[PDB]
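Note sheet for the following structure.
Any read-out appearing in this document is the output of simple, stated calculations on the displayed coordinates, not a laboratory observation. FYI the Cβ positions are ideal-geometry reconstructions off the backbone, even for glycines, and counts take in every protein chain you see.
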Amino acid sequence: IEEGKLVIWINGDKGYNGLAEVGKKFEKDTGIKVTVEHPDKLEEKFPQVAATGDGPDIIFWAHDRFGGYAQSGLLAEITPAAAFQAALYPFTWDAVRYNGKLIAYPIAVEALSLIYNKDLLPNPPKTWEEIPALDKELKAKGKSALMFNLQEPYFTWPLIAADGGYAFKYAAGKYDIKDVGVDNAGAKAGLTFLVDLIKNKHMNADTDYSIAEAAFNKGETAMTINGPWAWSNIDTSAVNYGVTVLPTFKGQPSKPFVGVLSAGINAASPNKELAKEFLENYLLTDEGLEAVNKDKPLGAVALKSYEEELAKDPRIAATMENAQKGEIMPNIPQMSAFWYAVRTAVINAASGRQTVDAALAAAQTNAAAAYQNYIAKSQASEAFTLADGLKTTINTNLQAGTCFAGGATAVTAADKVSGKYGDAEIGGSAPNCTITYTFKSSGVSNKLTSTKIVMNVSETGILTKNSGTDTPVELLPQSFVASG
Ligand SMILES: OC[C@H]1O[C@H](O[C@H]2[C@H](O)[C@@H](O)[C@@H](O[C@H]3[C@H](O)[C@@H](O)[C@@H](O)O[C@@H]3CO)O[C@@H]2CO)[C@H](O)[C@@H](O)[C@@H]1O
Ligand SMILES: [Ca+2]
Ligand SMILES: [Ca+2]
Ligand SMILES: [Ca+2]
């Protein structure tokens with residue numbers, strides 16, 4: 001991460017061209033170059049790259065992912081004046097509080113809604129149970145009733161939650177992380193209705209985000225389910241669209257998981273005061289938010305001054321009605337593990353490779369497996385922090401013509417350092433200096449116990465993978481792996 005610059009990461013479905021224009025405004029005032037990028041799967045790339053002292057200065061995602069980042073020491077604690085904090089809604093600050101510490105800037109609140117084509121469907125159904133007979137009638141006319149992204153569990157969740165599915169039980173003050181709420185009759189009813197939609201040929205199991213979007217925007221399907229970010233593309237299509245409350249299931253509202261889009265600062269960033277300045281004085285103003293909101297709409301924004309205007313919009317009213325029927329997501333580190341489990345379960349029930357019952361019964365176990373990988377990935381990053389301090393010691397030792405201590409010493413001699421999960425030492429000879437980090441035999445994931453990571457250290461000082469490494473390749477940063 002280079003000083004005197006700002007790299008920003010934001011997902012490809014958000015108003016990144018609007019944000020790049022707010023960064024141009026910053027650059028003209030300060031002389032600081034801003035770059036907005038939207039790499040694929042950035043929320044999973046960010047941990048790997050920040051572990052090696054790389055990636056963006058600022059990271060945009062929904063708040064559900066930020067407890068995992070914070071827990072691993074990847075984010076800077078944000079500490080704004082109370083005058084600044086009074087400008088945003090208090091409940092949006094709650095979403096970015098982990099462990100007593102504010103860990104991001106809240107930007108906007110987003111919930112899924114039902115989107116419908118007013119020419120195909122002047123009066124959309126109030127219940128999920130009407131949809132099949134509606135699809136049957138529309139098929140006679142060469143149309144379908146409903147298409148949405150079945151590949152991502154965010155979109156199926158509102159239906160699963162409707163009759164009693166939950167993520168983690170809330171046991172006064174704390175979340176009970178071993179009480180997952182997917183293996184129950186209510187969630188089973190929800191997922192069964194969805195699988196029967198596929199089985200009765202009202203939907204296709206491989207429908208993804210872009211297929212559903214294209215079909216709605218070209219008038220092939222009467223309804224979709226999506227968030228505020230999608231409205232911009234429907235505006236420039238031919239469709240006359242409405243935004244409304246999601247349908248009921250078994251007489252109960254659909255319950256979307258509400259995300260608070262949030263902006264965090266990389267712990268390894270040399271440009272923290274500049275990132276703070278950018279977010280506080282440029283982005284989180286009426287001007288800043290209007291520019292992003294013009295590109296792709298944000299939903300209901302955290303800034304109270306600008307939310308005054310946006311709440312007159314009927315579509316924001318519907319978004320907020322849908323948010324009140326649902327729940328704000330947890331930000332605990334186990335959230336990713338939860339979403340990976342639910343993803344696998346939906347895909348397996350929808351394709352027919354398991355029953356609804358077996359698929360949902362396996363969820364808690366699959367989530368635990370996913371969490372174990374996260375723990376192991378997180379502990380393994382200590383290797384790259386200890387290596388970082390060691391490579392300067394290589395650079396100071398070499399003045400005596402050796403990798404090792406001070407003078408021209410033949411073997412490693414107080415060129416070591418201890419960590420929480422393992423110990424690292426300098427090795428090699430001539431100008432071919434290495435760094436080895438060896439994990440402890442216990443007190444650390446059984447995937448890592450007694451493995452080593454060996455690194456070559458070039459003239460310039462980049463760390464590359466030495467073939468002596470035996471720490472599992474899939475637990476290491478992909479960039480490091482790719483160097484060997
Ligand atoms: O399913 C695998 C996937 O799970 C996790 O992704 C979840 C996000 O963390 C969560 O915020 C939400 O993502 C949606 C955004 O909130 C919304 O703004 C917009 O971008 O749509 C997203 C849905 O595609 O839900 C997903 C689960 O669908 C995890 O973070 C990912 O790394 C993982 O790949
Ligand atoms: Ca018309
Ligand atoms: Ca994870
Ligand atoms: Ca899995």
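Worth pointing out:
- Any hit, the range 431-441, residues being part of a loop (DSSP other than H, G, I, E, B) and buried (at least 17 other Cβ atoms within 10 Å of the Cβ): no
- Qualifying residues in the range 317-345 (those that are free of Cβ contacts under 8 Å to residues at least 24 places away in the same chain and away from ligand 1 (no atom under 11 Å from the Cβ)) - the one surrounded by the fewest Cβ atoms within 10 Å (Cβ to Cβ): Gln324
- From the options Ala358, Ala349, residue that is farther than 30 Å from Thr449 by Cα, free of Cβ contacts under 8 Å to residues at least 12 places away in the same chain and either away from ligand 1 (no atom under 13 Å from the Cβ) or over 20 Å from the mean Cα position of the chain (by Cα) (or both): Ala358
- Within the range 197-210, residues that are more than 14 Å from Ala145 (Cα to Cα) sit with their Cβ atoms under 7 Å from residues that are in a helix (DSSP H, G or I) and within 16 Å of ligand 4 (Cβ to nearest atom), at 6+ positions apart or across chains, in these pairs: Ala205/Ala350; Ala205/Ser351.
- Test: residue in the range 291-300 that is in a helix (DSSP H, G or I), hydrophobic (A, V, I, L, M, F, W, C) and away from ligand 4 (no atom under 16 Å from the Cβ): yes
- Criterion (closer than 29 Å to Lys126 by Cβ, surrounded by 20 or more Cβ atoms within 10 Å (Cβ to Cβ) and within 24 Å of the chain's Cα centre (by Cα)) met by exactly one of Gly264, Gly299: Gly299
- Looking at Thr52, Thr30, just one residue is out of contact with any helix residue (DSSP H, G or I) (no Cβ under 6 Å at 6 or more places or on another chain) and away from ligand 2 (no atom under 16 Å from the Cβ), and that residue is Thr30.
- Residues that are within 28 Å of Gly164 (Cβ to Cβ), surrounded by fewer than 20 Cβ atoms within 10 Å (Cβ to Cβ) and not aromatic (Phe, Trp, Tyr), drawn from the range 209-245: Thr244, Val245
- Sole residue being part of a strand (DSSP E or B) and of a type in the set (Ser, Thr, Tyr), chosen from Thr192, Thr224, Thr207: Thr224
- Among residues of the range 311-344, those that are of a type outside the set (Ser, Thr, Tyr) and away from ligand 3 (no atom under 16 Å from the Cβ), counted: 17
- Scanning the range 182-207 for residues that are surrounded by fewer than 19 Cβ atoms within 10 Å (Cβ to Cβ), under 17 Å from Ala362 (Cβ atoms) and of a type outside the set (S, T, N, Q) yields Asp183, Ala185.
- Any hit, the range 437-452, residues being over 30 Å from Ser336 (Cα atoms), β-branched (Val, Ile, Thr) and more than 16 Å from ligand 2 (Cβ to nearest atom): no
- Counting the residues of the range 346-373 that are surrounded by 22 or more Cβ atoms within 10 Å (Cβ to Cβ), away from ligand 3 (no atom under 16 Å from the Cβ) and of a type outside the set (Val, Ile, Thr) gives 4.
- Residue within the range 430-452 that is of a type outside the set (S, T, N, Q), touching a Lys or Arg at 6+ places or on another chain (Cβ under 6 Å) and in contact (Cβ under 8 Å) with a residue 12 or more places away in the chain present: no
- The number of residues in the range 361-375 that are touching a strand residue (DSSP E or B) at 6+ places or on another chain (Cβ under 7 Å) and away from ligand 1 (no atom under 13 Å from the Cβ) comes to 1.
- Matching residues, the range 56-82, being surrounded by fewer than 23 Cβ atoms within 10 Å (Cβ to Cβ) and away from ligand 3 (no atom under 16 Å from the Cβ): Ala76, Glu77, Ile78, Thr79, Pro80, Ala81, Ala82
- Residues in the range 361-404 that are of a type in the set (A, V, I, L, M, F, W, C) and more than 29 Å from the chain's Cα centre (by Cα): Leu390, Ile394, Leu398, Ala400, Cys403, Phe404.
- Options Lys304, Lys255, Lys250, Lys276: the member that is in contact (Cβ under 8 Å) with a residue 24 or more places away in the chain and within 16 Å of ligand 1 (Cβ to nearest atom): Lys255
- Within the range 246-258, tally of residues that are buried (at least 19 other Cβ atoms within 10 Å of the Cβ) and part of a strand (DSSP E or B): 3
- For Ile265: the one exception among (1) in a loop (DSSP other than H, G, I, E, B); (2) farther than 22 Å from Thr319 by Cα: (1)
- Qualifying residue in the range 127-150 (condition: closer than 19 Å to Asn348 by Cβ and either hydroxyl-bearing (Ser, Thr, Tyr) or in contact with a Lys or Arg (Cβ under 9 Å, 6 or more places away or on another chain) (or both)): no
- Within the range 110-126, tally of residues that are more than 25 Å from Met329 (Cα to Cα) and hydroxyl-bearing (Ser, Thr, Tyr): 1
- For the range 455-484, a tally of residues being surrounded by 18 or more Cβ atoms within 10 Å (Cβ to Cβ) and without any contact (Cβ under 8 Å) to a residue 24 or more places away in the chain returns 2.
- Hits in the range 405-425 (condition: in contact with a helix residue (DSSP H, G or I) (Cβ under 6 Å, 6 or more places away or on another chain), surrounded by 15 or more Cβ atoms within 10 Å (Cβ to Cβ) and without any contact (Cβ under 8 Å) to a residue 40 or more places away in the chain): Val417, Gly419
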